[PDB]
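Some notes on the structure that comes next.
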Number of protein chains: 2
Amino acid sequence: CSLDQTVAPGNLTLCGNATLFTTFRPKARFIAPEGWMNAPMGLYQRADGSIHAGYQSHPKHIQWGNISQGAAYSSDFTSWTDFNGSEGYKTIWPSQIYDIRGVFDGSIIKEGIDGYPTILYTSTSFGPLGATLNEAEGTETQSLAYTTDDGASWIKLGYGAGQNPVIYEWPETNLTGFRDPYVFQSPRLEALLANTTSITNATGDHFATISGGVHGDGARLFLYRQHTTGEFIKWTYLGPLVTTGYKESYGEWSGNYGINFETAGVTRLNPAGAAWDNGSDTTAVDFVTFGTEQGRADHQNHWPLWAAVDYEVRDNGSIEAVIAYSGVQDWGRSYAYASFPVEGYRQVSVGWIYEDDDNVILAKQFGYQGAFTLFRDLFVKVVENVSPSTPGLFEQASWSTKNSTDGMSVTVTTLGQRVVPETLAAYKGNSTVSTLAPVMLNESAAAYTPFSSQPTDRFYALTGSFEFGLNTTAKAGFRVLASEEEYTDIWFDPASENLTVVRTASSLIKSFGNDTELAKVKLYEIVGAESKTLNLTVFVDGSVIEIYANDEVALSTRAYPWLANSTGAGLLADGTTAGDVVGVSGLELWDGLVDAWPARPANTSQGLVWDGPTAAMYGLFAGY
Amino acid sequence: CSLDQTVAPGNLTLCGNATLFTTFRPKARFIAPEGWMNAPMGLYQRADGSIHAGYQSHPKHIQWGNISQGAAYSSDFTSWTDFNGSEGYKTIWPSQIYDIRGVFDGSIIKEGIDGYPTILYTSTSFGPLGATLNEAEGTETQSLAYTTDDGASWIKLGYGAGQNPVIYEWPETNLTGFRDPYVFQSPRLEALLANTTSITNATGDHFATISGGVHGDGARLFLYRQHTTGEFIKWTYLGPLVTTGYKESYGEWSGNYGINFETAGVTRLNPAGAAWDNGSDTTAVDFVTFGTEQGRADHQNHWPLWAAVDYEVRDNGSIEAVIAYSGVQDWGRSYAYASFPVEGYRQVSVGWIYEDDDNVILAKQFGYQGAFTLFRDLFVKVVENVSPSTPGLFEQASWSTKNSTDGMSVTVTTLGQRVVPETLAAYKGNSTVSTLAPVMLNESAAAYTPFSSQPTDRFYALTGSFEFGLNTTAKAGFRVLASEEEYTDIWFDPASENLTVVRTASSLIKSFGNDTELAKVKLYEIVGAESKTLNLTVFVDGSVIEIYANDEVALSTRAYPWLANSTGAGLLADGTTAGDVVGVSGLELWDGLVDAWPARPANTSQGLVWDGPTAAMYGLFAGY
Ligand SMILES: *[C@@H]1O[C@H](CO)[C@@H](O[C@@H]2O[C@H](CO)[C@@H](O[C@@H]3O[C@H](CO[C@H]4O[C@H](CO[C@H]5O[C@H](CO)[C@@H](O)[C@H](O)[C@@H]5O)[C@@H](O)[C@H](O[C@H]5O[C@H](CO)[C@@H](O)[C@H](O)[C@@H]5O)[C@@H]4O)[C@@H](O)[C@H](O[C@H]4O[C@H](CO)[C@@H](O)[C@H](O)[C@@H]4O[C@H]4O[C@H](CO)[C@@H](O)[C@H](O)[C@@H]4O[C@H]4O[C@H](CO)[C@@H](O)[C@H](O)[C@@H]4O)[C@@H]3O)[C@H](O)[C@H]2NC(C)=O)[C@H](O)[C@H]1NC(C)=O
Ligand SMILES: *[C@@H]1O[C@H](CO)[C@@H](O[C@@H]2O[C@H](CO)[C@@H](O[C@@H]3O[C@H](CO[C@H]4O[C@H](CO[C@H]5O[C@H](CO)[C@@H](O)[C@H](O)[C@@H]5O)[C@@H](O)[C@H](O[C@H]5O[C@H](CO)[C@@H](O)[C@H](O)[C@@H]5O)[C@@H]4O)[C@@H](O)[C@H](O[C@H]4O[C@H](CO)[C@@H](O)[C@H](O)[C@@H]4O[C@H]4O[C@H](CO)[C@@H](O)[C@H](O)[C@@H]4O[C@H]4O[C@H](CO)[C@@H](O)[C@H](O)[C@@H]4O)[C@@H]3O)[C@H](O)[C@H]2NC(C)=O)[C@H](O)[C@H]1NC(C)=O
Ligand SMILES: *[C@@H]1O[C@H](CO)[C@@H](O[C@@H]2O[C@H](CO)[C@@H](O[C@@H]3O[C@H](CO[C@H]4O[C@H](CO[C@H]5O[C@H](CO)[C@@H](O)[C@H](O)[C@@H]5O[C@H]5O[C@H](CO)[C@@H](O)[C@H](O)[C@@H]5O)[C@@H](O)[C@H](O[C@H]5O[C@H](CO)[C@@H](O)[C@H](O)[C@@H]5O)[C@@H]4O)[C@@H](O)[C@H](O[C@H]4O[C@H](CO)[C@@H](O)[C@H](O)[C@@H]4O[C@H]4O[C@H](CO)[C@@H](O)[C@H](O)[C@@H]4O)[C@@H]3O)[C@H](O)[C@H]2NC(C)=O)[C@H](O)[C@H]1NC(C)=O
Ligand SMILES: *[C@@H]1O[C@H](CO)[C@@H](O)[C@H](O)[C@H]1NC(C)=O
Ligand SMILES: *[C@@H]1O[C@H](CO)[C@@H](O)[C@H](O)[C@H]1NC(C)=O
Ligand SMILES: *[C@@H]1O[C@H](CO)[C@@H](O)[C@H](O)[C@H]1NC(C)=O
Ligand SMILES: *[C@@H]1O[C@H](CO)[C@@H](O)[C@H](O)[C@H]1NC(C)=O
Ligand SMILES: OC[C@H]1O[C@](O)(CO)[C@@H](O)[C@@H]1O
Ligand SMILES: OC[C@H]1O[C@](O)(CO)[C@@H](O)[C@@H]1O
Ligand SMILES: OCCc1ccc(O)c(O)c1
Ligand SMILES: OCCc1ccc(O)c(O)c1
Ligand SMILES: OCCc1ccc(O)c(O)c1
Ligand SMILES: OCCc1ccc(O)c(O)c1
Ligand SMILES: OCCc1ccc(O)c(O)c1
Ligand SMILES: OCCc1ccc(O)c(O)c1
Ligand SMILES: OCCc1ccc(O)c(O)c1
Ligand SMILES: OCCc1ccc(O)c(O)c1
Ligand SMILES: OCCc1ccc(O)c(O)c1
Ligand SMILES: OCCc1ccc(O)c(O)c1
Ligand SMILES: OCCc1ccc(O)c(O)c1
Ligand SMILES: OCCc1ccc(O)c(O)c1
Ligand SMILES: OCCc1ccc(O)c(O)c1
Ligand SMILES: OCCc1ccc(O)c(O)c1
Ligand SMILES: OCCc1ccc(O)c(O)c1
Ligand SMILES: OCCc1ccc(O)c(O)c1
Ligand SMILES: OCCc1ccc(O)c(O)c1
Ligand SMILES: OCCc1ccc(O)c(O)c1
Ligand SMILES: OCCc1ccc(O)c(O)c1
Ligand SMILES: OCCc1ccc(O)c(O)c1
Ligand SMILES: OCCc1ccc(O)c(O)c1
Ligand SMILES: OCCc1ccc(O)c(O)c1
């Protein structure tokens, strides 16, 4: 196996385990030391102000199995430190009959058992498990563990009656799934249910949703309420919070609701961030975020979605969350978004970016799979003075509209997402920053124009504001990870409203995915403006390309160019003329970003292992 | 719930958990501190000379489940001390995917992993498990753990390829069972296989048997050999050692071979005890001991058997153990006999005595289930100068015969069992000993004659030699645990060759078993003698009645009299006349025995617990 990145790649399947560990590996984001990772879990801000982040983890393997919580902490979302205990960087693992098949996703009760931070997690045991299989009651249950050392270790409650698992009865029959308990406090829901507590006897200050669905009849988000304040064993099922139809779609801007929900959460936001009012703040909006399964032909059959909801109180003392408008949290190769409260009235969200090696051709050669997205502040995005002539505006698909008194302007409201400012500040401060001159893309524009300053490696950020004519048919954007022979093209086409990532030339290595990514972007036209603007930021981090548009649209994807010099970047232009011009300003390159794991060496592989012939006998895990 | 033992018992099912803990509980033998126990396991003499005894254990429950190794140690087989660690008296428990369903029986490699004592045990996982069910490969595997602290704790090898479990492939298809690995060294088998090691490549100094059977085709004992000396991962299957037919019986003296073996072991004995020769000792005999399932209408469908075997070497470098004669290790309510080597050329055996409460009516009220038998030295019993006119002698059912040169006398050989002398010495020395005058039971004998000295509680031993006429039709024996209203009768009837325990009056409490126990006893008549003798020893220990006859026949059973004064004992006589007399001599009562657990208080209950609704969902354990 040759690792010569100045010539064409050979047969890389002949390479040994973890021989490509550093080749495509992100350096500026959250990632496990080695092996398999997927969903974020157990996210909380600790009493000292630091952030605890857990993740679904299978060390020394490159496929899912024995799924455990790996963990680390950070003071700024950006530079991280691994926990290191008796099980290395793991802090919760399968150990009891009720969770031996996997410690699935869970969330944090900040003041729980004996006042300690407490995780409510899906404990899995034997039997078919999946939305397309005939799952039985007991296979997925919900269990508690608490930490007396700020997340270095967790103590599970004992197995048995009145102890773990604490939630095991299916609330409705024939479930497709029953997992990912999301614990939260809600002055809003407490106020709404206050006149119904005689019906249910549930009066606790914590709620929990469990994600699932019903066979043949669509996804479900089940709402529970803590029965009594200060007591954590008894959780009372109120009713279904979100009910969607079998492979129902709200439209082109909204993905598809599939057959089963995963990793669903509930929050309330206002224009500044997190909202803690009871309903009295008229600017605040209730949101649900959730993954869906089997409503998509690609992207591992997975949509990470969100919806703004209006709560209605049922006669039986439960809540119906009626979808008002519905969108997509990320349009690319990411899933399993978790959100959590942070000091200063913030709600922060983070997801999992999977690889684009679905046939598992080079996974062993990597010696790892997966990374996190960047951490994102959620808020209510408000756009004022929107022109009613904005095409398709009143369809209100993933946004709401409110007319002015005179009907001549509109206020648009939607879900906002932006990278946490701690990360942006650290990235910019540690990078070599080049502020680039603005460019008019007209008849003289080449198809590709390299920036006047270039990156030095695969770790950089780009930003730019693209100003388009209201009736433009021109396309523009950014090319990244670019040499003459390999490059990844990020295009926006205002006429179609499509943001695409074309990956036909992303790599000489043909086993990686090369399909075109697509996001819809609505450019809300402002009253009196003769142009419309796309603010586009791109993070390039090893193989991750993470794109943000107008603090609204996110698209995470993967590119794995072989050649050492496939690091360049610049501007893309198509159909720009003397008449149809695209103006580009606010251009900056941040070269280098941040070393997110300063204590880790470059190669943190510990080798890979095989579970042996019994993996196939048990039939639970691939075994490698 | 009244505990007044001076009046009739009330409805004892209304009594609370462990309220009858001390009422019927043995005090002079090995028993768990509380809860469920069954099979002995992990038996070895430690480097300091003490005995380590493990047992199948489920604390705080009175039915089987989460089965673990409880453990204790003793310098003399008699007075014991519990281990006490992080899991109380447990030292191995379900903790990994491969053993989460139960840590079943296992045995000791004395110099194993890194030179430490090492247990090879049956690690069980999910799926149907049992001789009458459709078990699949993987559900029962064999795994290693080693101890660096003389049995206070055990470290399992890691899960995976080249590690645990170390034996997982079924050696033949459609097994009824695949468990209870019995590790042993055998100069005999090494010598026999020495010319075949090129065929198999197995040259290690340890052998292991695994107990099981084949569906519809009888029980099997599978022989493995350690592949290489000093290496413990690789064990090579040679072939079936013992093969018996579906519910085959060798006869009235031999129980029934059932459908499946459990807890089988292999040893070699001579007249003094254990034999370590290669075949050169002409007085030594090869033995297999084994439990059988589903060959019996009662006694939990379980026979604890043994067989003398003659080894034949197969062409494929394996051993066939051909049954020469076949007997019963204990005729009563015991099973799961394990044997192990002890210093001074001894092989010591011990089993499990279950309760006689099969409908589980008072198990919660007890707060425990089960005890061990006494520890027994095994040896080759040789009887010289046997008369050829001994009825049925030449059928050689559970014994062999060898004629003298002149054909006028016979040497009889069979399996001998006797209580270890350490226990007998301790029992006698700590007891109030009454040596009783000999008695002629004739026309003047009452049906029951109390001994001139009486026991003071339910903890005592009796011994006596009963001399019968060669053509007697009289019966005699011992009555124990006796008041006017409750008593247990132990009879020998030489005309039928039946030793019985009649339990119709054993207790006023009707939920306990009251069926008659039966053992066959051959009185080998000596040349020139005008009488035949039964030497009978009885241990009474709470509810245990353990009977030994002629260092050959053992019968363990249970009696649970309610009344406080149902402790008496004496002689039984039936059909004794002036002409048909039974002489009784060597009569002794040992009142008190020994406190086998001096550090334990009288009540070591920790309460009982319920596993909750998930027990039924998982379907593995009863849950209580
Ligand atoms: C099959 O069998 C297995 C094995 O038996 C079963 O698994 C066992 O199940 C039992 C019973 O549930 C568990 O016992 C509990 O243990 C926890 C502590 O767990 C932690 O610590 C253990 C011991 O640590 C020590 O030894 C280790 C090893 O040498 C060493 O590393 C360590 O440094 C230390 O020296 C660890 O072994 C254990 O690890 C295991 O579990 C981890 C996950 O938790 C896992 O990651 C590991 O890999 C490993 O598997 C873990 O770290 C005890 O806290 C708990 O005792 C509390 O709860 C019971 C009630 O059920 C109560 O009786 C006790 O009194 C106690 O409750 C008091 O304290 C609480 C905490 O402070 C408090 O909240 C309570 O309110 C209560 O407080 C009382 O006192 C205060 C005054 O102080 C007063 O104010 C209050 O009013 C009140 O009176 C149990 O003992 C075992 O941990 C577990 N073991 C394993 C190995 O799995 C399995 O369940 C069985 N399966 C089936 C199907 O049956
Ligand atoms: C799902 O995930 C779970 C969790 O990750 C998996 O379970 C884990 O699996 C791993 C991997 O197999 C195990 O790691 C091994 O651990 C043993 C030690 O185990 C004991 O000690 C652990 C740590 O103890 C410390 O912390 C605890 C807790 O705070 C504390 O109580 C204690 O005081 C101490 O401070 C215990 O946690 C562990 O308890 C667990 O297991 C018990 C049963 O064993 C159970 O009863 C408990 O309830 C609990 O569950 C236990 O007590 C290590 O010895 C071992 O490391 C050796 O082996 C590997 C090879 O695989 C090798 O890389 C290492 O270098 C090392 O081998 C060297 O040392 C050996 C021993 O001396 C020697 O024999 C070797 O030859 C080798 O020697 C080398 O060095 C010498 C020089 O010294 C040289 O001469 C030689 O040539 C050579 O170079 C592993 O690290 C985990 O224990 C296990 N954890 C749990 C909680 O279960 C699970 O398998 C996964 N499931 C699936 C399906 O994937
Ligand atoms: C002393 O030691 C003890 C440890 O041993 C310790 O703990 C106690 O342990 C004992 C066991 O030894 C525990 O006793 C058991 O308790 C169980 C639970 O009882 C509660 O739940 C029952 C079942 O609930 C389902 O069904 C109901 C009726 O259909 C519904 O109303 C429910 O909604 C629920 O339905 C859900 O689940 C279904 C599947 O199960 C599903 O189909 C359905 O769709 C839905 O999802 C209730 O029936 C029960 O209610 C009765 O009892 C309470 C309390 O007494 C009363 O207040 C009520 O009015 C009502 O009468 C409880 O709410 C029991 O299920 C279990 O019963 C079994 O065993 C007993 C005795 O043998 C039988 O009478 C019974 O028939 C059951 O037998 C079972 O076995 C057979 C075969 O052997 C099996 O085929 C059959 O189906 C069944 O499985 C048993 O009584 C006890 O709970 C523990 N108590 C604790 C932990 O506190 C104890 O504490 C120690 N003491 C001290 C002082 O320390
Ligand atoms: C980059 O490397 C390739 C392969 O060695 C080479 O052909 C090319 O000249 C280099 N420079 C570029 C594309 O700017
Ligand atoms: C570089 O990054 C670190 C880690 O995130 C951060 O704390 C530091 O402030 C950054 N340096 C700057 C902004 O100069
Ligand atoms: C034993 O106790 C019972 C019940 O109290 C009583 O009837 C009897 O007289 C006592 N003594 C005996 C049987 O010797
Ligand atoms: C009493 O029993 C103990 C424990 O078995 C034993 O060590 C001791 O020798 C006995 N006492 C005698 C024989 O006097
Ligand atoms: O690893 C298991 C976890 O990952 C998810 O499937 C999301 O992709 C969760 O629903 C589950 O808790
Ligand atoms: O508890 C399980 C153990 O008990 C037995 O069934 C004997 O009765 C063994 O075969 C097994 O190892
Ligand atoms: O202890 C639960 C604290 C909490 C409050 C609000 C949330 O949205 C949440 O995820 C957790
Ligand atoms: O279970 C009572 C112990 C406890 C101590 C401190 C707390 O803040 C708490 O909520 C509970
Ligand atoms: O694999 C069949 C799973 C299944 C379970 C319940 C249903 O109602 C169904 O349609 C399918
Ligand atoms: O379904 C379990 C019933 C139960 C509830 C609370 C307890 O403390 C208990 O022991 C059993
Ligand atoms: O008194 C008004 C505060 C007010 C406005 C809206 C609400 O939903 C509420 O609970 C309180
Ligand atoms: O809603 C106030 C915050 C906000 C952030 C980014 C935007 O693009 C916007 O229009 C509003
Ligand atoms: O064909 C799109 C129809 C139409 C025009 C303008 C809008 O704001 C709208 O909602 C629909
Ligand atoms: O929505 C298309 C018609 C229209 C109505 C009101 C306006 O202010 C406008 O600019 C266009
Ligand atoms: O000024 C260049 C950006 C731009 C392009 C097209 C326009 O119609 C416009 O107003 C601005
Ligand atoms: O969503 C991209 C964020 C962004 C914000 C402001 C800008 O000027 C920009 O170029 C990008
Ligand atoms: O869309 C405006 C982009 C732009 C601004 C100022 C300039 O000088 C330019 O060349 C382009
Ligand atoms: O380390 C195994 C020692 C051993 C020798 C002979 C036996 O019969 C035995 O059970 C163990
Ligand atoms: O694995 C080599 C370690 C070892 C040390 C001492 C021994 O007696 C032994 O058999 C092995
Ligand atoms: O429950 C059916 C178990 C079974 C397995 C294999 C067989 O050959 C058989 O006869 C029965
Ligand atoms: O069947 C497992 C093959 C294998 C044998 C020995 C090993 O050390 C190993 O890693 C795999
Ligand atoms: O040389 C005789 C020793 C001898 C007799 C019988 C045997 O089986 C043996 O191995 C050696
Ligand atoms: O085989 C010598 C030992 C032995 C012990 C007890 C007996 O009853 C016997 O006949 C021989
Ligand atoms: O009916 C029993 C037949 C018989 C008599 C004496 C014996 O030793 C024998 O083996 C068979
Ligand atoms: O076996 C019954 C006939 C018999 C043969 C030889 C004897 O020495 C004897 O006592 C009886
Ligand atoms: O001496 C009383 C015992 C005994 C009973 C019957 C006999 O035939 C005998 O020889 C001895
Ligand atoms: O098998 C009962 C043991 C025993 C041996 C010698 C005796 O004198 C006796 O009465 C009992
Ligand atoms: O079987 C002989 C029993 C016995 C021996 C001596 C006696 O004095 C007696 O009365 C009974």
Side-chain angles (χ1 to χ4, degrees), chain A residues 58-61 65-68 86-87 93-102 123-129 135-143 155 157-170 178 233 607-621 623-624, chain B residues 58-61 65-68 86-87 93-102 123-129 135-143 155 157-170 178 233 607-621 623-624:
Chain A
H58 196 22
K60 303 181 79 172
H61 293 74
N66 198 32
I67 206 74
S68 296
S86 59
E87 298 302 317
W93 45 85
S95 70
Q96 291 281 317
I97 192 63
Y98 61 88
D99 72 10
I100 198 63
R101 194 252 195 78
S123 39
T124 68
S125 196
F126 297 109
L129 202 170
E135 186 172 319
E137 189 173 53
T139 296
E140 299 184 285
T141 59
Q142 328 302 324
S143 292
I155 300 169
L157 299 187
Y159 175 59
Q163 314 176 100
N164 276 342
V166 297
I167 302 168
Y168 43 83
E169 179 166 23
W170 278 6
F178 189 59
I233 301 303
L608 300 177
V609 300
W610 183 41
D611 291 0
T614 61
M617 298 180 183
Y618 305 145
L620 303 175
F621 319 132
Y624 49 88
Chain B
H58 196 22
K60 303 181 79 172
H61 293 74
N66 198 32
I67 206 74
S68 296
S86 59
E87 298 302 317
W93 45 85
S95 70
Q96 291 281 317
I97 192 63
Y98 61 88
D99 72 10
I100 198 63
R101 194 252 195 78
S123 39
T124 68
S125 196
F126 297 109
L129 202 170
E135 186 172 319
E137 189 173 53
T139 296
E140 299 184 285
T141 59
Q142 328 302 324
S143 292
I155 300 169
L157 299 187
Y159 175 59
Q163 314 176 100
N164 276 342
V166 297
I167 302 168
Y168 43 83
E169 179 166 23
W170 278 6
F178 189 59
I233 301 303
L608 300 177
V609 300
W610 183 41
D611 291 0
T614 61
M617 298 180 183
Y618 305 145
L620 303 175
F621 319 132
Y624 49 88

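Below, chains carry the letters A, B, ... as their sequence lines are ordered, and counting in each starts from 1. Scope of the values below: all heavy atoms of this structure, side chains included, with no hydrogens, waters or symmetry mates.
Between the CE atom in A:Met617 and the CH2 atom in B:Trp170 there is a gap of 9.5 Å [rounded to 0.5 Å].
Among residues two or more places apart in sequence or in another chain, the side-chain hydrogen bond (donor to acceptor under 3.5 Å, both in side chains) test is passed with A:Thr124 by none. In this structure, the ring pair (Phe, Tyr, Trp, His ring centres under 6.0 Å) partners of B:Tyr159, at least two apart in sequence or on a different chain, are B:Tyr98.
Residue B:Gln163: no heavy atom, backbone or side chain, is found under 4.5 Å from chain A. B:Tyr618 touches chain A through its side chain: at least one heavy atom from C-beta onward sits under 4.5 Å away, while N, CA, C and O do not. B:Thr139 does not touch chain A: none of its heavy atoms, backbone or side chain, sits under 4.5 Å away.
When each of A:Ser95, A:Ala161, A:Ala136 is scored by its heavy-atom pairs under 4.5 Å with chain B, the top score falls to A:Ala161. Ranked by heavy-atom pairs under 4.5 Å with chain B, the list A:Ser125, A:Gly158, A:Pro94 is led by A:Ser125. For the set A:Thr614, A:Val609, A:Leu620, the entry with the most heavy-atom pairs within less than 4.5 Å of chain B is A:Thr614.
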Which is it for B:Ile97 and A:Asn66 under the side chain to side chain contact (heavy atoms under 4.5 Å, CB included) test, yes or no, and what are the steps along the way? CA-CA 9 Å; B:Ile97 192 63; A:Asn66 198 32; over 6 Å; no
